[PDB]
Protein chains: 2
Amino acid sequence: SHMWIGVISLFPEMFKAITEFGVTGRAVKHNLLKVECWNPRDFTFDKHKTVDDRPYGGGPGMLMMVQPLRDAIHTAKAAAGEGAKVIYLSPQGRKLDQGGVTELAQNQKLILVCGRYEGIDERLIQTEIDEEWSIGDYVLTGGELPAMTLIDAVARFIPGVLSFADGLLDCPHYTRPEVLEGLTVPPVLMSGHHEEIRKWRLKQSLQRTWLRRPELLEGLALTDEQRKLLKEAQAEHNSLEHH
Amino acid sequence: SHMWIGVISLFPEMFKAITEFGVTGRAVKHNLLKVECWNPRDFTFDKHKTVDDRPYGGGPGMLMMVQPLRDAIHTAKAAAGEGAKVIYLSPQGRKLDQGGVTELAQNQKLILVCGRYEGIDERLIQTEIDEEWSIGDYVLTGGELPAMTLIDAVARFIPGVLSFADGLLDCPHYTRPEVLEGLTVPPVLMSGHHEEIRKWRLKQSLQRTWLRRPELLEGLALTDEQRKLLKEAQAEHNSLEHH
Ligand SMILES: C[S@@+](CC[C@H](N)C(=O)[O-])C[C@H]1O[C@@H](n2cnc3c(N)ncnc32)[C@H](O)[C@@H]1O
Ligand SMILES: C[S@@+](CC[C@H](N)C(=O)[O-])C[C@H]1O[C@@H](n2cnc3c(N)ncnc32)[C@H](O)[C@@H]1O
């Protein structure tokens, strides 16, 4: 495979969501993407396979038990070999974005640590984790969805598996029928004029980015064409009434 | 159930990731959360159950076929009844954050439309969708993970199901053993001093937010205690060497 991803999770079966369906599922079956899981519960030794533990200092909630998680991590690292970057999914980590995705996609091996409960021991992060990554400024019940989100995002960059390409939102899309609930497809898209169609899409993208996410434009160095199309959109916007 | 979520997806089985595991899985089994899916493929009429279609204007990629998707949406709305907010998961939508999560959690009924391929017809968004939401500035292969991310996030706010609570990153956590690879647990956490422990956690949160996500603090109105603890952390930071 072009990319191998080790996963530490109490719920390995959750990953079937990406390994068994759609383009990512195809990628896995075709060995372009390999996802291997290790479950901390399999590394417990007590009768009830305990995987959580009490946080020092008290407070509500529990934490992942260190020993089972630590052993699971070590086993994954042994299976990965040298060169594998170990990531902990966490809202305290670097916020994921397309730029970060392409950066992570450069790794041929990754080990993703998925926490549950209130998280994991800080010392494990310092001694076992290379990088902490967040998929957004919100809190989820576990690191599994965040891990799958990361895998799915990077997988798109793996040759053969298959917006923001120019740091812009995508343009609107249209398919059959020509008229839907009285709404028609923009005439230009049905003209067959490749060049005009190209410009329409770029202009729409610039317009939509300007109107919905103006901040995204600030950190962007526009080409002469982009500057022109944007100015046209803004001029057209300024010649209209608005709600 | 306290919250009912309708889902339109070509891959209903992906949702087992949240309905069959962990706290969200418990919430579903206990009827606190209800997730019902409709698959556009079930609404096709041609021999091969086609669910994609060509985008007008050409260009690579396909789009969700309108008729099957539209019919799936209508059926969900009929099953939901009045009051259900229809959301389309899309990177062009409002970027999800804890504030948005709590806002969405106020809805007792939600219908989540999950796209595949290059997306869906813009006219469907205008005629069937109430709001567009994104889980982050990155591109995924489908709206299923984003939808599950949204469901998981909101589910945490449903009474009985169970960071950023104060707009701050969480503080470090520790559990057994007392010493891990030569690293000890901060003495204060094992002192039993509830008040000192409380202050340590708040201070750590402020410190971590300041160091990792300084922007998060700007849009925050600190309490006198928070201002004090932050100043202490910064003073302590300024009295040390740094790498
Ligand atoms: C309920 S959360 C724990 C939140 C906790 N207050 C903290 O300090 O991490 C459970 C697990 O899901 C992960 N998680 C939750 N939200 C996440 C996000 N936005 N991105 C990545 N991982 C996330 C956590 O890092 C943690 O391992
Ligand atoms: C490959 S994406 C299509 C990207 C396309 N360029 C666009 O204009 O939407 C396939 C599906 O996943 C959804 N999706 C991808 N990234 C997402 C995100 N960050 N948040 C929410 N939905 C997302 C899309 O909205 C779309 O329905």
# chains A, B, ... in the order shown; residues from 1 in each chain; ligands from 1
>>> residues_near_ligand(ligand="ligand 1", cutoff="6 Å", atoms="only C-alpha atoms and all ligand atoms", output="VMD selection string")
(chain A and resid 89 to 91 114 to 119 134 to 143 146) or (chain B and resid 163 170)
>>> residues_around(residues="residue 55 of chain A", least_positions_apart="6", cutoff="12 Å", atoms="only C-alpha atoms", output="number ranges by chain")
A: 61-66, 117-122; B: 172-178, 185, 189-190, 197
>>> write_last_selection(atoms="N, CA, C and O atoms", output="PDB file, in the first residue's frame")
ATOM      1  N   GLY A  61     -15.719  12.190  35.595  1.00  0.00           N
ATOM      2  CA  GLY A  61     -15.122  11.581  34.425  1.00  0.00           C
ATOM      3  C   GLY A  61     -13.946  10.670  34.714  1.00  0.00           C
ATOM      4  O   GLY A  61     -13.376  10.671  35.805  1.00  0.00           O
ATOM      5  N   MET A  62     -13.584   9.887  33.709  1.00  0.00           N
ATOM      6  CA  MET A  62     -12.477   8.961  33.825  1.00  0.00           C
ATOM      7  C   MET A  62     -11.485   9.249  32.709  1.00  0.00           C
ATOM      8  O   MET A  62     -11.706  10.120  31.868  1.00  0.00           O
ATOM      9  N   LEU A  63     -10.380   8.520  32.721  1.00  0.00           N
ATOM     10  CA  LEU A  63      -9.356   8.662  31.701  1.00  0.00           C
ATOM     11  C   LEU A  63      -9.034   7.275  31.199  1.00  0.00           C
ATOM     12  O   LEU A  63      -9.416   6.284  31.827  1.00  0.00           O
ATOM     13  N   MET A  64      -8.351   7.204  30.060  1.00  0.00           N
ATOM     14  CA  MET A  64      -7.943   5.916  29.521  1.00  0.00           C
ATOM     15  C   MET A  64      -6.923   5.370  30.511  1.00  0.00           C
ATOM     16  O   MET A  64      -6.083   6.125  31.012  1.00  0.00           O
ATOM     17  N   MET A  65      -6.992   4.077  30.804  1.00  0.00           N
ATOM     18  CA  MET A  65      -6.022   3.469  31.711  1.00  0.00           C
ATOM     19  C   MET A  65      -4.680   3.455  30.969  1.00  0.00           C
ATOM     20  O   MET A  65      -4.617   3.084  29.792  1.00  0.00           O
ATOM     21  N   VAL A  66      -3.611   3.854  31.652  1.00  0.00           N
ATOM     22  CA  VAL A  66      -2.281   3.927  31.040  1.00  0.00           C
ATOM     23  C   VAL A  66      -1.690   2.625  30.495  1.00  0.00           C
ATOM     24  O   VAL A  66      -1.402   2.522  29.299  1.00  0.00           O
ATOM     25  N   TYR A 117     -13.522   8.673  27.021  1.00  0.00           N
ATOM     26  CA  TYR A 117     -13.671   9.260  28.348  1.00  0.00           C
ATOM     27  C   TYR A 117     -13.185  10.707  28.300  1.00  0.00           C
ATOM     28  O   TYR A 117     -13.478  11.424  27.344  1.00  0.00           O
ATOM     29  N   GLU A 118     -12.441  11.140  29.316  1.00  0.00           N
ATOM     30  CA  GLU A 118     -11.956  12.519  29.336  1.00  0.00           C
ATOM     31  C   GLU A 118     -10.613  12.687  28.639  1.00  0.00           C
ATOM     32  O   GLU A 118     -10.073  13.792  28.585  1.00  0.00           O
ATOM     33  N   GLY A 119     -10.073  11.597  28.104  1.00  0.00           N
ATOM     34  CA  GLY A 119      -8.797  11.691  27.414  1.00  0.00           C
ATOM     35  C   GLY A 119      -7.746  10.731  27.928  1.00  0.00           C
ATOM     36  O   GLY A 119      -8.065   9.662  28.452  1.00  0.00           O
ATOM     37  N   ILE A 120      -6.481  11.115  27.790  1.00  0.00           N
ATOM     38  CA  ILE A 120      -5.395  10.258  28.234  1.00  0.00           C
ATOM     39  C   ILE A 120      -4.379  10.992  29.105  1.00  0.00           C
ATOM     40  O   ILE A 120      -4.351  12.223  29.149  1.00  0.00           O
ATOM     41  N   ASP A 121      -3.543  10.221  29.792  1.00  0.00           N
ATOM     42  CA  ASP A 121      -2.518  10.769  30.675  1.00  0.00           C
ATOM     43  C   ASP A 121      -1.554  11.671  29.897  1.00  0.00           C
ATOM     44  O   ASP A 121      -1.037  11.282  28.851  1.00  0.00           O
ATOM     45  N   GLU A 122      -1.313  12.872  30.420  1.00  0.00           N
ATOM     46  CA  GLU A 122      -0.431  13.843  29.777  1.00  0.00           C
ATOM     47  C   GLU A 122       0.983  13.313  29.541  1.00  0.00           C
ATOM     48  O   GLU A 122       1.643  13.688  28.572  1.00  0.00           O
TER      49      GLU A 122
ATOM     50  N   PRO B 172      -4.216  19.565  31.434  1.00  0.00           N
ATOM     51  CA  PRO B 172      -3.661  18.212  31.316  1.00  0.00           C
ATOM     52  C   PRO B 172      -4.370  17.300  32.315  1.00  0.00           C
ATOM     53  O   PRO B 172      -4.915  17.774  33.322  1.00  0.00           O
ATOM     54  N   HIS B 173      -4.366  16.003  32.032  1.00  0.00           N
ATOM     55  CA  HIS B 173      -4.992  15.021  32.907  1.00  0.00           C
ATOM     56  C   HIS B 173      -3.960  13.965  33.284  1.00  0.00           C
ATOM     57  O   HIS B 173      -3.012  13.725  32.540  1.00  0.00           O
ATOM     58  N   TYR B 174      -4.149  13.340  34.441  1.00  0.00           N
ATOM     59  CA  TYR B 174      -3.218  12.319  34.920  1.00  0.00           C
ATOM     60  C   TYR B 174      -3.952  11.207  35.661  1.00  0.00           C
ATOM     61  O   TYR B 174      -4.946  11.453  36.342  1.00  0.00           O
ATOM     62  N   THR B 175      -3.454   9.985  35.519  1.00  0.00           N
ATOM     63  CA  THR B 175      -4.015   8.842  36.225  1.00  0.00           C
ATOM     64  C   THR B 175      -2.838   7.934  36.588  1.00  0.00           C
ATOM     65  O   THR B 175      -1.687   8.285  36.316  1.00  0.00           O
ATOM     66  N   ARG B 176      -3.114   6.780  37.193  1.00  0.00           N
ATOM     67  CA  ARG B 176      -2.045   5.860  37.588  1.00  0.00           C
ATOM     68  C   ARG B 176      -1.140   5.509  36.412  1.00  0.00           C
ATOM     69  O   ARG B 176      -1.600   5.425  35.278  1.00  0.00           O
ATOM     70  N   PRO B 177       0.158   5.267  36.674  1.00  0.00           N
ATOM     71  CA  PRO B 177       0.836   5.295  37.976  1.00  0.00           C
ATOM     72  C   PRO B 177       1.363   6.674  38.366  1.00  0.00           C
ATOM     73  O   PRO B 177       1.412   7.594  37.546  1.00  0.00           O
ATOM     74  N   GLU B 178       1.777   6.803  39.622  1.00  0.00           N
ATOM     75  CA  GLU B 178       2.306   8.062  40.129  1.00  0.00           C
ATOM     76  C   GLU B 178       3.515   8.523  39.329  1.00  0.00           C
ATOM     77  O   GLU B 178       3.711   9.723  39.121  1.00  0.00           O
ATOM     78  N   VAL B 185       3.457  12.819  38.617  1.00  0.00           N
ATOM     79  CA  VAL B 185       2.222  13.579  38.526  1.00  0.00           C
ATOM     80  C   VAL B 185       2.465  14.872  39.309  1.00  0.00           C
ATOM     81  O   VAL B 185       3.161  14.858  40.327  1.00  0.00           O
ATOM     82  N   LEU B 189      -1.913  17.782  42.463  1.00  0.00           N
ATOM     83  CA  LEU B 189      -3.037  16.921  42.115  1.00  0.00           C
ATOM     84  C   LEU B 189      -3.206  15.758  43.083  1.00  0.00           C
ATOM     85  O   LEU B 189      -4.261  15.123  43.130  1.00  0.00           O
ATOM     86  N   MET B 190      -2.167  15.480  43.860  1.00  0.00           N
ATOM     87  CA  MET B 190      -2.231  14.392  44.823  1.00  0.00           C
ATOM     88  C   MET B 190      -2.275  14.899  46.257  1.00  0.00           C
ATOM     89  O   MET B 190      -2.150  14.120  47.197  1.00  0.00           O
ATOM     90  N   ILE B 197      -6.518  22.500  43.616  1.00  0.00           N
ATOM     91  CA  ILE B 197      -6.627  21.682  42.419  1.00  0.00           C
ATOM     92  C   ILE B 197      -7.464  22.415  41.383  1.00  0.00           C
ATOM     93  O   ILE B 197      -7.125  22.430  40.201  1.00  0.00           O
TER      94      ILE B 197
END
>>> closest_atom_pairs(of="chain A", to="ligand 2", cutoff="10 Å", atoms="only C-alpha atoms and all ligand atoms", output="CSV")
residue,atom,partner,partner_atom_place_in_ligand_line,distance
A:23,CA,ligand 2,1 (C),10.0
A:97,CA,ligand 2,19 (N),8.9
A:98,CA,ligand 2,19 (N),9.4
A:135,CA,ligand 2,19 (N),9.5
A:136,CA,ligand 2,19 (N),10.0
A:149,CA,ligand 2,19 (N),9.1
A:152,CA,ligand 2,16 (N),9.7
A:153,CA,ligand 2,16 (N),8.2
A:156,CA,ligand 2,1 (C),8.7
A:162,CA,ligand 2,1 (C),9.4
A:163,CA,ligand 2,6 (N),4.3
A:164,CA,ligand 2,6 (N),8.1
A:165,CA,ligand 2,6 (N),9.1
A:168,CA,ligand 2,6 (N),10.0
A:169,CA,ligand 2,8 (O),7.1
A:170,CA,ligand 2,8 (O),4.4
A:171,CA,ligand 2,8 (O),6.2
A:172,CA,ligand 2,8 (O),6.7
A:173,CA,ligand 2,8 (O),7.2
A:205,CA,ligand 2,8 (O),9.4
>>> select_by_dssp(residues="segment 2-193 of chain A", states="helix (DSSP H, G or I)", output="MDAnalysis selection string")
chainID A and resid 12:19 22:29 40:43 66:80 98:104 122:128 144:155 187:190
>>> closest_residue(among="B:50, B:29, B:92, B:16", to="residue 210 of chain A", atoms="only C-alpha atoms")
B:92
>>> closest_residue(among="B:200, B:45, B:38, B:4", to="chain A", atoms="only C-alpha atoms")
B:200
>>> atom_distance(atom1="atom CA of residue 124 of chain B", atom2="atom CA of residue 70 of chain B")
7.4 Å
